[PDB]
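Please read the structure below before turning to the comments.
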Amino acid sequence: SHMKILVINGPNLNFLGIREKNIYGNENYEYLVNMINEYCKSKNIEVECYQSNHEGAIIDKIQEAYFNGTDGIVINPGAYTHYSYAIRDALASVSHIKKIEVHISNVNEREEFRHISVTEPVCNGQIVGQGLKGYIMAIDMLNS
Amino acid sequence: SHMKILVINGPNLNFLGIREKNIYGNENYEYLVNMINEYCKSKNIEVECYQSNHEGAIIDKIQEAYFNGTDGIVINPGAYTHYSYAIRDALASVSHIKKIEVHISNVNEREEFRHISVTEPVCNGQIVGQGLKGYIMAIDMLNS
Amino acid sequence: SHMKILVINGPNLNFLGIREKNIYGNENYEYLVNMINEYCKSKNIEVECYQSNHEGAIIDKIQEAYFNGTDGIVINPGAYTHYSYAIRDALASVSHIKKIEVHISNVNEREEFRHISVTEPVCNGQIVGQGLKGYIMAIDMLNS
């Protein structure tokens with residue numbers, strides 16, 4: 001491992017592929033985790049993929065990254081993107097971990113509330129509406 | 001059981017009756033659960049009543065309804081009605097489960113923030129300010 | 001004990017001192033807990049200091065204060081100050097426990113979202129931008 005990355009997916013993203021196929025595509029959460037894992041293996045990057053529906057469990061996981069040698073975070077906060085100032089403050093508290101925000105869907109084409117990101121101002125980049133390949137694009141930003 | 005229903009109550013609604021009697025009435029959470037249970041028994045409806053203060057535990061419970069043959073959901077999200085886009089997205093993710101939103105109090109007579117429901121647009125009906133009998137009215141909408 | 005107090009700190013405040021030193025100062029969460037503990041001991045006040053990143057765990061802890069003889073609550077909700085109507089409703093549900101809101105930083109000098117407190121209207125006083133000594137000032141309001 002030249003680099004250690006944590007990928008966080010927020011609430012509901014464990015239901016990728018099996019539900020709302022017209023918004024987030026046909027490929028499921030297991031596909032996404034395995035695609036990430038295999039890409040990172042090919043680049044000699046150590047990766048952990050983590051998902052939770054709990055705001056507090058996401059914060060706890062971000063705090064643990066401060067103590068375990070994490071270099072970078074890829075995060076899709078899901079619906080928490082649009083209101084969780086607590087997750088924003090958790091990201092700000094790990095100022096020397098690089099962070100990339102990812103959204104699968106084109107959020108600017110959906111409900112007005114999805115246009116707001118309270119997390120983006122404390123991150124180091126954002127990828128929107130590129131589908132599951134947005135996670136690979138984020139890893140490459142971290143690895144560059 | 002011709003039909004299986006899940007009733008979800010959100011944060012603070014376990015303190016019904018013992019607190020804020022002038023807003024939500026004199027009858028407690030135990031009364032509400034037993035009233036639901038007994039009504040459903042009389043109509044040959046299988047019902048589970050669930051309460052949590054945790055946003056993430058409510059989402060987890062909604063996800064479990066996708067796999068256990070639930071037909072309908074009655075939900076009072078409590079204060080999460082006014083801001084939890086994560087609970088809205090959980091309800092949207094179970095598109096073939098019918099959903100009815102319930103509020104005990106007349107929310108339109110209270111603080112301005114209580115006028116907003118982020119969950120109502122993904123439900124199949126809403127009952128407001130009818131007191132505890134609003135839950136029975138919701139079950140009858142599901143059973144019709 | 002002439003009086004029993006619960007001090008609640010919300011998300012991220014366990015990272016006091018080690019992170020964001022220019023915003024919240026150089027002294028850490030362990031320092032704050034011990035300073036509180038020792039002050040209360042000197043005044044014959046029984047105190048418990050509690051922290052969690054979980055909104056639902058904070059609500060659960062507030063509910064438990066209704067049954068264990070708590071007289072007063074000092075609360076710094078952290079980022080939840082700016083949006084958690086569920087924590088506001090938990091505080092309102094314990095109407096005979098006195099409550100003081102504390103913020104370490106001068107929130108009126110920071111991002112616009114930090115100017116909003118959804119919890120302050122159901123409390124009995126607020127202390128802003130006095131640093132860690134704001135917690136001692138809150139205990140003295142409760143003890144007066």
Side-chain angles (χ1 to χ4, degrees), chain B residues 8-30 32 50-62 75-88 90 103-120, chain C residues 6 8-12 50-73 75 77-99 101 111-124 126:
Chain B
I8 298 168
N9 278 288
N12 304 295
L13 284 152
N14 61 320
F15 271 23
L16 266 174
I18 59 168
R19 315 300 313 151
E20 295 180 60
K21 289 183 167 56
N22 70 307
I23 296 153
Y24 299 94
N26 299 319
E27 293 319 331
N28 63 29
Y29 179 71
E30 178 192 352
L32 171 64
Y50 174 81
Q51 188 278 327
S52 181
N53 300 323
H54 304 239
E55 183 180 25
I58 293 158
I59 297 163
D60 294 338
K61 191 75 182 169
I62 294 164
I75 182 165
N76 183 347
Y80 295 144
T81 304
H82 316 309
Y83 65 106
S84 181
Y85 292 111
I87 291 167
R88 172 205 184 110
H103 305 289
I104 300 169
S105 75
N106 187 347
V107 293
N108 289 327
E109 275 175 342
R110 301 184 63 197
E111 304 97 315
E112 306 289 2
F113 74 80
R114 304 198 194 275
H115 287 251
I116 299 166
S117 172
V118 305
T119 51
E120 177 280 327
Chain C
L6 169 66
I8 298 168
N9 278 288
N12 304 295
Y50 174 81
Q51 188 278 327
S52 181
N53 300 323
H54 304 239
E55 183 180 25
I58 293 158
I59 297 163
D60 294 338
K61 191 75 182 169
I62 294 164
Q63 296 191 323
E64 287 157 11
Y66 185 62
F67 298 106
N68 71 358
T70 301
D71 297 311
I73 292 168
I75 182 165
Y80 295 144
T81 304
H82 316 309
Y83 65 106
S84 181
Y85 292 111
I87 291 167
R88 172 205 184 110
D89 278 3
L91 294 172
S93 77
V94 289
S95 59
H96 280 71
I97 302 184
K98 300 171 169 186
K99 297 144 222 137
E101 185 165 314
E111 304 97 315
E112 306 289 2
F113 74 80
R114 304 198 194 275
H115 287 251
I116 299 166
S117 172
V118 305
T119 51
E120 177 280 327
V122 299
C123 293
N124 303 109
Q126 185 186 24

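First the proteins, then the strands, lettered A, B, ... as listed; each starts at 1. Note: hydrogens, waters and symmetry copies are ignored here, and every other heavy atom, side chains too, is used.
The two atoms that bring C/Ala86 and B/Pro11 nearest to each other are CB-CG, 3.9 Å, heavy atoms only.
Chain C is approached within less than 4.5 Å, heavy atom to heavy atom, by B/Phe15, B/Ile18, B/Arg19, B/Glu20 from residues 15-27 of chain B, ordered by number.
Residues satisfying the side chain to side chain donor-acceptor pair (under 3.5 Å) test with B/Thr81, not counting sequence neighbours, are none. Residues forming a side chain to side chain contact (heavy atoms under 4.5 Å, CB included) with B/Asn9 (at least two apart in sequence, or on another chain): B/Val7, B/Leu13, B/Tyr29, B/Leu32, B/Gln51, B/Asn76, B/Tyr135.
Residue B/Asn53 forms a side chain to side chain contact (heavy atoms under 4.5 Å, CB included) with just one option from C/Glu55, C/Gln63, C/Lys61, C/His54, and that option is C/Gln63.
C/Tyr85 OH to B/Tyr83 OH: the interatomic distance, rounded to the nearest 0.5 Å, is 9.5 Å. Within the model, atoms OG of B/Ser52 and CG of C/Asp60 stand 7.0 Å from one another, a figure rounded to the nearest 0.5 Å.
Screening residues 108-119 of chain B for salt bridge (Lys or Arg N to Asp or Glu O under 4.0 Å), with sequence neighbours left out, gives B/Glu111-B/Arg114, B/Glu111-C/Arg88, B/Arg114-C/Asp89.
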